[PDB]
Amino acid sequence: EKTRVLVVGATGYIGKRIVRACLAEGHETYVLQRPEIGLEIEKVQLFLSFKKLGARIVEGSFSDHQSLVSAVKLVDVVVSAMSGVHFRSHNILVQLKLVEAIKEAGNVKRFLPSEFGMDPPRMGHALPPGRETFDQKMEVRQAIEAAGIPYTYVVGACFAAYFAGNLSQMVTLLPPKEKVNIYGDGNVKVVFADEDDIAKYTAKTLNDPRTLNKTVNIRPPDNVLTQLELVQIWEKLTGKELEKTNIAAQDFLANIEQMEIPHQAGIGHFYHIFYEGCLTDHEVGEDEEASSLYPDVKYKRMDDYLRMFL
């Protein structure tokens, strides 16, 4: 009576956390080991570590359609943590080969595609090229709908390492030392979540009937913070006040067309989040929000998150 789960993208940044959260949760956890990563020592040893915790290795390749069909026939639920970084080479769209395999296999009770960010259907007017991420996720969503595959879309929170640990400064992954940039006036609400919590929520929700064919939002109330509130958390932890510089929207987007395309996409996403507030510009009900659905998850607050950087 354990739910059988296949994780595809098992050595990814969020993917490896989902693997471990599925194991802790008690799911019979299967991981797709692709032959193409056989010389990447950190991926190979990750898989060895998953085995020591009870994960079952499933060999398959996205170029071998029958291998993907065999893989998904072993489980009840599939979770994809496919990368989003190389949008111009359409790695989100690689998931379409998995959707086809799931359709042909017929047995999968639920599929969680690689979402875990902003809510794609709400991003219709996003800045290009950053817009491209949402199109591709939307194209995968439509592939899911057309095949009639039951689904859950996990959305709504900034990964804490990429937007809280650095006080949203972008240029590193650590808090700044003396000066900090405030984007806009810094009073736009942002949703931050420890990625291990996002992983726990994913493992709780993937066999929850309440979230069958639903969008689940990850919006822990204590972690809805403006950028200045985030900065003040850190200033209280350190005892030192940071010299602040406000950066107006127009100066943030200045000369964006001269940046490299990936940085252009990253700047666009940041703008929607921190200037327009896309993660908080709408309300969601407790019946579709993960912290209320799963109250036993004592999610990590941003003041406990930032302590590890002291």
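In this text, rigid core is short for the largest set of C-alphas that superpose within 1.5 Å between two forms. Numbers for residues come from their place in the sequence shown, where the first is 1.
Discussion item. Out of 89 to 97 and 122 to 130, which one drifts farther from the shown form in 6 other deposited structures of this protein in terms of CA positions, with the fit done on the rigid core?
Written reply: Looking at 122 to 130 and 89 to 97 in 6 other deposited structures of this protein, the bigger mover is 89 to 97.
Practice prompt. Could you say which moves further from this form in 6 other deposited structures of this protein, stretch 103 to 111 or stretch 165 to 173, by root mean square CA distance after aligning on the core?
Written response: Of 103 to 111 and 165 to 173, the stretch deviating more in 6 other deposited structures of this protein is 165 to 173.
Fill in: 123 to 131 or 155 to 163, whichever carries the higher mean Cα B-factor
Taking the mean B-factor of the alpha carbons in each, 123 to 131 is higher.
Fill in: Higher-B stretch (mean Cα B-factor, as the entry records it), 189 to 197 or 206 to 214
Higher mean C-alpha B-factor in the PDB entry: 206 to 214.
Worksheet entry | Candidate residues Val79, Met170, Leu93, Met82, the one whose C-alpha B factor the record puts highest | Max CA B-factor in the entry, restricted to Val79, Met170, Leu93, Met82: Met170.
Worksheet item: Among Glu28, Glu59, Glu40, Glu241, which residue carries the highest C-alpha B-factor recorded in the PDB entry?
Response: Going by the entry's C-alpha B-factors, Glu241 comes out highest.
Worksheet entry | Within-chain third of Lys177 by Cα B-factor, per the entry | Highest third - that is where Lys177 ends up once the chain's C-alpha B-factors are sorted.
Practice prompt. Sort the modelled residues of this chain by their C-alpha B factor and say whether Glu104 lands in the lowest, middle or highest third.
Written response: Highest third of the chain for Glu104's C-alpha B-factor.
Discussion item. Split into thirds by Cα B-factor across the chain's modelled residues, where does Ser114 land: lowest, middle or highest?
Written reply: Within its chain, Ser114 is a lowest-third residue by C-alpha B-factor, going by the deposited values.
Item to complete: Select lowest, middle or highest to describe the third in which the CA B-factor of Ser63 falls within its chain in this entry.
Response: For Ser63, the deposited C-alpha B-factor lands in the highest third.
Discussion item. Can you tell me whether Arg88 has a C-alpha B-factor in the lowest, middle or highest third compared with the other modelled residues of the same chain?
Written reply: Highest third.
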